[PDB]
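Novice: pasting an experimental structure, sequence included:
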Amino acid sequence: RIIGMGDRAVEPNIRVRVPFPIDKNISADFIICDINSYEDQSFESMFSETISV
Amino acid sequence: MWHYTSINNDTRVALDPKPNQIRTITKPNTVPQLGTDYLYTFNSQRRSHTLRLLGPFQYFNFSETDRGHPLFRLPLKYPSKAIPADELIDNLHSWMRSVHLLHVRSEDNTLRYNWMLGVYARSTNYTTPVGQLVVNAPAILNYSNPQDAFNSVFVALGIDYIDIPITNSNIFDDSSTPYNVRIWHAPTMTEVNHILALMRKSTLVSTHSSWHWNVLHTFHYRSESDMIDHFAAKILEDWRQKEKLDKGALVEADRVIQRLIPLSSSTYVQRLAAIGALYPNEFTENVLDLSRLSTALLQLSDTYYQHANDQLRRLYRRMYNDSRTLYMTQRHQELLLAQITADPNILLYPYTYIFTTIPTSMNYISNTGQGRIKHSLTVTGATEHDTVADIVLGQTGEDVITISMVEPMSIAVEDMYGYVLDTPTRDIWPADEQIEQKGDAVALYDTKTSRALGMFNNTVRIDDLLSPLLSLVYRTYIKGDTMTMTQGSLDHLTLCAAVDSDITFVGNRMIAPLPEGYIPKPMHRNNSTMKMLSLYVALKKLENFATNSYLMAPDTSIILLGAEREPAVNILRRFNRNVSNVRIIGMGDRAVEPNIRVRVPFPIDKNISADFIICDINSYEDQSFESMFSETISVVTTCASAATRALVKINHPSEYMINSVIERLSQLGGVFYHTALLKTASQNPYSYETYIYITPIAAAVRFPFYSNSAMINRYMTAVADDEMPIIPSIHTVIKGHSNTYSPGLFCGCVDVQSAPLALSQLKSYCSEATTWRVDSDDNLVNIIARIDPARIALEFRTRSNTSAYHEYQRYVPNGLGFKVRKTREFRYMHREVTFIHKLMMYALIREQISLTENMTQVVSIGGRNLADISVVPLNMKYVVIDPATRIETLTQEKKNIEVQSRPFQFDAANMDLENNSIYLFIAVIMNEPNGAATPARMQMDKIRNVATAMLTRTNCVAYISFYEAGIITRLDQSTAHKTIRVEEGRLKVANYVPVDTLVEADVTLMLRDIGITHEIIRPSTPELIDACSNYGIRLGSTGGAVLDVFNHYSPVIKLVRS
Amino acid sequence: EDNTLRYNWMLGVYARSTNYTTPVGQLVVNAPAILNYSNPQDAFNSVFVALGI
Amino acid sequence: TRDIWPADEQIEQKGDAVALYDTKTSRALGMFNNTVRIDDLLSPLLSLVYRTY
Amino acid sequence: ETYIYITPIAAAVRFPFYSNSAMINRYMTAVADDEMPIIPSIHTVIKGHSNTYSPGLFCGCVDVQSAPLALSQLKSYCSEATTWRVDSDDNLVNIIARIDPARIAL
Ligand SMILES: Nc1ncnc2c1ncn2[C@@H]1O[C@H](CSCC[C@H](N)C(=O)O)[C@@H](O)[C@H]1O
Ligand SMILES: Nc1ncnc2c1ncn2[C@@H]1O[C@H](CSCC[C@H](N)C(=O)O)[C@@H](O)[C@H]1O
Ligand SMILES: Nc1ncnc2c1ncn2[C@@H]1O[C@H](CSCC[C@H](N)C(=O)O)[C@@H](O)[C@H]1O
């Protein structure tokens, strides 16, 4: 099973947010995260986004 | 201050061959043989013949004399490929052979040959004064410096300008040109100012900022309607050149600005020029760019006129009225300042204007590539809704959206054949309970099983599930195959259903040969053959666990008692064809040769005899119990003595029937018999059709009888007529935050303008959704949504609607997905057995909670905000106690939800439960907080310590679920093990880590001296029906055999004590 | 532009196939927008009132 | 390599991140960043073993 | 663009944090705006023993009669060079040379 998710996705990729509100029960053996973008925001707000990922 | 950089260098000027090499690159190209230089692709559009010559034969116009004669005509008028690849190479060679230009070989190494003007004269046969000049003196076309190339052909003639038609790249598109160009005589800077002021008030002309050759030249268009096709073509390029510059890179496109500048023009390109000269915020693109573009940009220009917003409109209107000057943006202007000082004496567009206000973007995000986007909606957001519209949709069509149901599924190959064996447990049949069980069978029989149960029984069948796929490996069989290997599970499969005829094996592995011209018919399978082929296998599995047999030793006899006339015999005969001498006999009370028509058992004589008997007797409605019983019981006792290892079939597994079957065997036969019933796959789920396998003991049987009856119990749960069939349906209508909708799903289409209006409301009923646009410029968006009671119970808690309008509105227009062709949607979805088991877990507790006098709070321990359904009423507070979960937003919106971020414990050290708290203990009393595995002696304390406290706490029910031991061996002898695998010592359900079993005999006994009240309630059929009906979920067929066993051995113990 | 319209297939192809010769097939030449309807039944009510048949 | 994060250097490292972020990395560094990419390096060859296939 | 791989220890980690930060340091060397983008270019011109040329490369063609005249001067700016005639009887020789600061300083 190879699943794909993101905040701009298209079937069979599923369009969601990160982390996303409660429920939905994400689960896997491996996760590869490539989150980032797309310009821009001040440091005090950017930090809270990077650290939350 | 970024001031990006670039390299500006003429790209046309540096194409012209040398004056002494111009000889080489023209005629002497007969030595080489083309091949890769020119570009050719062919489409069966049809038709397309894009044959395009590249440098140095690009921008080359063709004379009408040597155009048609040599080549072009005939190759085109095949027309339909055809068109051998040899034709192009050999024929194009023939053309390029006979061609040359007039020139003079020079000695100076710093000369260049004018290509453009040279080929212009040649192609016109030197007819005009411009082309005749280069006949008497062909050395005029040699120059050492650009610009000075043309200065020599205005002074020598006395003319002011030269007009020249353009070149079409495609050499098979023989049509009139869209426009032409005109080159003006202009030496100095002061001349350009004089000419461009003269270009005004004249038909239709244009320019473009800078120029190649350092000499003024302009464009002249044919008609007004064919100008916007050229403006919209250049504007598109400038948007790409500044895309790489604004980020910062290296480009080589000289000129700096590609945008065209309309001089004397109409009124359609003044509107178009304005919108293009402000670099709109098409990011991501949107716009509807692919097509038609020429009309999409006209709609775009209408946007900024009123939009969006302010000084953006003003900028637009400051360009609409003007459109006479070149508008630049500081940074982009600097490129000209950087290169105007690098080399003096170079012409630029006199009239420039600089502005620094973009200012900003929205911005947007979207995509325009094939795809069908799924959505996942939530119950919180940053917006506030109150009293909104009812966004109505209707009409699906049958072309775009097809609605069906069974559902069809997709599995493997060996998984088609598996079974689960049960085992008796009782050793005595009381004479006081022998008439108690009878009364249950008699009273039940009178009224047939629930009408609601039969809503799925004869509605869907195994045939409709497996056949669809089973007849696709038929197409695979044809022409194609690999190593097959006799005996294997693949072997008898492709021998059976795929091929009516026999199968020849050569090497025990190969499939050969091929069907030359005759196509062998697909074996016609039947409803009464699928049950027999999966039982034949089970029969061989019950004999010996050793795998890879399936074939018998020579001189073995098997007889079937059908179920005639039915095939099966032919299938189990062709399979045993190769193996020496095997006898497969078929009999029944409706049979046809080679099947023998008889009765059962049949009067004396005839001497029936075999090694194995498979009985499928029954039917066909109807007769009263006292007469039916005597028929069912007479079948068993006449197959038990007919063979040594037979298997029989009974209806109504009611615990009376099964016990009367054993009773009638233990008395007659010597040394008793050993009996055990079983289920197999492909038996039509929830059909209460069990099978009884009979073995001649091996000594003396310990526990012949049944006690609680686990597998049978399924049957003994049906009830008489009640309420209604339920039945899912469609709505095609949406209210805003309004309760009361029937289970099912709904779909339609809405205006893209109010697409995100619908999405903001769908969150109240469902979590999943699917959208797509049919075509890029239809503006209609199709929507499918599915109603789940798992979200309804979470939506309508209080009054807060919120939602997130802002989030979804960022899709319009494009970004909702694009999908062509047709698509089919189904009704009953597909879920495994890990999910359905839980749907029965919560369907049970819901009945128990919503019945008691009074409640204070419902408490769950472990989960993802799950088991929300079951909390009744919705007014009731809901508490979650788990170490890991998401908090805040969901708990802030007055949902009466609260979460404690602490690990619970079961030591009776700090217990505080109190009046009316309902605690759930799902799976959190098993393994560790991380995901390891715990002993079986450390899980008992999690009940002892909860009870110890509960003894003093006022009537406070605790709901606890735990695994029942005995599975150890019950799923070890079985053949179905795709899931619910047992790792010798531990149960492996789903994922996690395999967990230890709990000895039910000890767990029950140990609570008879500490605890007070402890009732064990197991989920039954009624919970299965309600689960499948509300959610709309089919049973997993091969997982259905898993459910009706796994379900039983997970007790839910209710500790309701005061 | 309205997303809640449906095109009458049966009547449309009937007229086309007869070269719009009959009064019923000529009606849909001057005004081909008559074949659009939002509600069944009302599809046909428009081609009896306009003809008088 | 480190085992302790000093509480006196936790705000010294912060000041470096905050002061640096404000101004994007060197313009000269970006002369090669978005100018050349892996795609332009490997794809040329990667699509020649396509013809081999 | 670095990546962070995370593993659930196996017992207790010794050195979880970073000190000098070697791989990260690369990032922490960028500065604000300064001078110029530099950018290589072409010259198509040769002076005899005269300093001050912009980095990059230059090329063209000369009369074969004065081919070795150019070669005697290219040695001042570069070490590598490439020449070829187009055709046997053109008498034009194409020259490509590349400027190296490893030779300028010598
Ligand atoms: N939690 C989140 N919030 C916002 N955007 C997210 C996200 N998780 C992933 N993304 C997406 O990740 C992207 C970072 S750049 C990703 C590369 C880009 N998708 C490409 O195809 O080249 C953003 O476009 C963003 O939409
Ligand atoms: N002793 C017996 N008396 C009556 N019918 C018997 C019988 N033994 C077998 N049968 C037959 O078994 C059938 C039960 S249903 C069998 C399935 C059916 N033949 C089919 O092809 O789908 C009855 O039709 C009955 O004719
Ligand atoms: N002290 C405690 N008491 C009860 N549950 C606990 C606990 N500590 C942790 N848990 C929870 O028990 C769960 C074990 S795993 C349960 C299945 C998992 N929630 C799923 O959705 O698939 C974990 O989710 C964990 O959050």
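Specialist: That came through, no problem. Residues are numbered from 1 along each chain as shown, chains lettered A, B, ... in the order given. Ligands and ions are numbered 1, 2, ... in the order given.
Novice: surely residue A:11 touches residue B:371?
Specialist: Yes. Contact status for residue A:11 versus residue B:371: in contact at 5.7 Å, counting by CB atoms under 8 Å. Backbone N, C-alpha and C define where each C-beta goes, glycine included.
Novice: got any residues that touch both of the two?
Specialist: Common contact partners of residue A:11 and residue B:371 (CB atoms under 8 Å, 6 or more residues apart in numbering or on different chains): residue B:817.
Novice: could you find the closest non-adjacent residue to residue A:19?
Specialist: Leaving aside its chain neighbours, residue A:19 sits nearest to residue B:886 (6.9 Å; criterion: CB to CB, 6 or more residues apart in numbering or on different chains).
Novice: check which helix or strand covers the one you found.
Specialist: Applying DSSP states H and E as the criterion places residue B:886 outside every helix and strand.
Novice: show the contacting residues for it.
Specialist: Contacts of residue B:886 by CB under 8 Å, 6+ apart are A:19, A:21-22.
Novice: let's see it at 10 Å
Specialist: For residue B:886, the contact set (CB atoms under 10 Å, 6 or more residues apart in numbering or on different chains) comprises A:19-23, B:864-865, B:899.
Novice: which among these gets closest to chain E?
Specialist: If you rank the contacts of residue B:886 by distance to chain E using CB to the nearest CB, residue A:19 comes first, at 15.6 Å.
Novice: how far away is residue A:10 from ligand 1?
Specialist: Distance, residue A:10 to ligand 1, by CB to the nearest ligand atom, to the nearest Å: 11 Å.
Novice: whoops, residue A:1 was the one
Specialist: For residue A:1, the distance to ligand 1 - CB to the nearest ligand atom - is 20 Å.
Novice: any idea how far that residue is from chain D?
Specialist: Applying CB to the nearest CB, to the nearest Å, the value for residue A:1 to chain D is 28 Å.
Novice: cool, residue A:49 as well?
Specialist: For residue A:49, the distance to chain D (CB to the nearest CB) stands at 13 Å.
Novice: and for residue A:29?
Specialist: For residue A:29, the distance to chain D equals 28 Å [CB to the nearest CB].
Novice: next: residue A:48.
Specialist: 14 Å.
Novice: and if you look at residue A:31?
Specialist: 23 Å.
Novice: equivalent analysis for residue A:45, please.
Specialist: With distances taken as CB to the nearest CB, residue A:45 is found 11 Å from chain D.
Novice: one more: residue A:33?
Specialist: 20 Å.
Novice: one more: residue A:3?
Specialist: According to CB to the nearest CB, residue A:3 and chain D sit 26 Å apart.
Novice: ok, now residue A:41?
Specialist: Counting by CB to the nearest CB, the gap from residue A:41 to chain D is 11 Å.
Novice: same deal with residue A:18?
Specialist: Look at residue A:18 and chain D: by CB to the nearest CB, they are 22 Å apart.
Novice: over to residue A:7?
Specialist: Residue A:7 is 23 Å from chain D, by CB to the nearest CB.
Novice: where's that residue relative to ligand 3, distance?
Specialist: Counting by CB to the nearest ligand atom, the gap from residue A:7 to ligand 3 is 23 Å.
Novice: how about residue A:47?
Specialist: Distance, residue A:47 to ligand 3, using CB to the nearest ligand atom: 28 Å.
Novice: please report phi then psi for the spatially most central residue of chain A.
Specialist: Centroid-nearest residue in chain A, with CA atoms, centre = their mean: residue A:18, separated by 3.7 Å. Backbone torsions of residue A:18, given as degrees, to the nearest 10, read phi -130, psi 120.
Novice: and for the one 4 residues further on?
Specialist: Backbone torsions for residue A:22, taken as degrees, to the nearest 10, come to phi -60, psi 160.
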